[PDB]
Amino acid sequence: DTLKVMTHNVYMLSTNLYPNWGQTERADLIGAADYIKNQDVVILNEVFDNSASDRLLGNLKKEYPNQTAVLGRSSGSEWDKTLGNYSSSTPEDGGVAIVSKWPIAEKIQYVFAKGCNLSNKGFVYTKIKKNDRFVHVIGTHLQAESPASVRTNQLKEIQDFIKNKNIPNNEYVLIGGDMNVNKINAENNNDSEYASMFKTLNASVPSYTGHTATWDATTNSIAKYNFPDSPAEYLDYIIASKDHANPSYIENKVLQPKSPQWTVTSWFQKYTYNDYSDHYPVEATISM
Ligand SMILES: [Mg+2]
Ligand SMILES: [Mg+2]
């Protein structure tokens, strides 16, 4: 069998702080997009805006009916457990959610202890039954660019959680999302943060295919507006724990899907874009 998992930072900032980023329309464009189809599990990042995020989740309901709540937005029975530094008084939620075409046996949220109370950043854990197999998928979004030291602490909390969970070593355990750890020009430096990421989580390095960056101001219309001169970076991953079932093959493919044109007005000026987010999605293929 093959497991298909995708992760995508969808840039859905709160409309209370950023009213004109086309969040609602992109909720519809992403929901109907072909690139996000045919997956087993999908991890979402930055689904911060409550209305637009729920709209997106609703549009994905037909194909991915099994869904978790958004990390850090609530702490009721919608979560089997709410772990970590969760606060109901944080201005924003963690923006992470997971949807699947398969039954979800357990849903857990965990809020990171440290961070440079702004957003309940952390991770979402899911135990999913796919064809009589239980697979484990953790979705997260780490500290954005001292920042590296914070990310290492967060990665540590993720690894510590996995070990404590007592997951069978013959079942697949994947960790994915916007790690904010750059692979560009770092794949050949055992001392880079990119290298440390794999050590801290004790995960294997996947085969890389597709586009060469996940946040590219040189090809992405949204990133180009916000950071015109910033060199492209590679920050999104989906990797497997070596302390559990090691995939004979695991790929991470960066896609460059373009959306139908959409327009927004900001300060009496109209702007048109053809991207779903400032980040590109990463499609993982895992041989089981
Ligand atoms: Mg972002
Ligand atoms: Mg929110």
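One-based numbering, in listed order, for ligands and for the atoms of each. We number each residue from 1, following the sequence as shown.
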- [ ] Check whether the ring centres of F134 and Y172 lie less than 6.0 Å apart, and answer yes or no.
- [x]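 No, the ring of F134 stays outside the 6.0 Å limit from the ring of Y172, centre to centre.
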TODO: Output, in order, the C-alpha distance, side-chain angles, deciding distance and verdict of salt bridge (charged side-chain N to carboxylate O under 4.0 Å, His left out) for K165 and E106.
DONE: CA-CA 12 Å; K165 202 61 171 66; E106 181 164 42; 2.7 Å; yes
- [ ] Just to the nearest 10 degrees, tell me the angle at the Mg ion (ligand 2) spanned by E92 OE2 and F48 O.
- [x]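 With the Mg ion (ligand 2) as the vertex, OE2 (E92) and O (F48) sit 100° apart.
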TODO: Using side chain to side chain contact (heavy atoms under 4.5 Å, CB included) as the criterion, point out the one residue from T214, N182, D216 that pairs with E233.
DONE: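 Result: among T214, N182, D216, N182 is the only option passing the side chain to side chain contact (heavy atoms under 4.5 Å, CB included) with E233.
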Open item on the list: If you count every heavy atom of other residues, nucleotides or ligands that lies below 6.0 Å from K81 atom NZ, does the total exceed 12?
Closed with: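 Atom NZ in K81 is not crowded, with 12 or fewer foreign heavy atoms closer than 6.0 Å.
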Open item on the list: Tell me whether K129 at atom NZ has more than 12 heavy atoms from other residues, nucleotides or ligands lying less than 6.0 Å away.
Closed with: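 Yes, because the 6.0 Å sphere around NZ of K129 holds more than 12 heavy atoms from other groups.
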Return yes when at least one N/O/S atom of [X] is nearer than 2.8 Å to the Mg ion (ligand 2), and no when none is.
{"X": "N50", "value": "yes"}
{"X": "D49", "value": "no"}
{"X": "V70", "value": "no"}

- [ ] Let me see the working for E193 and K183 under salt bridge (charged side-chain N to carboxylate O under 4.0 Å, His left out), right down to the final yes or no.
- [x] CA-CA 9 Å; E193 173 172 35; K183 185 175 71 69; over 6 Å; no
Task: Atom pair CZ/CH2 of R26 and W262 - distance to nearest 0.5 Å - done: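 If I round to the nearest 0.5 Å, the distance is 5.0 Å.
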Task: Atoms of protein origin (N, O or S) under 2.8 Å from the Mg ion (ligand 1) - done: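 Result, waters dropped: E46 OE2.
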- [ ] For the residue pair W215 and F227, categorise the inter-ring angle as parallel (less than 30°), tilted (30 to 60°) or perpendicular (more than 60°).
- [x]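 Because their plane-to-plane angle is over 60°, the rings of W215 and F227 count as perpendicular.
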Task: Residue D93 atom name (nearest to the Mg ion (ligand 2); N/O/S) - done: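 Output for this pair reads OD2.
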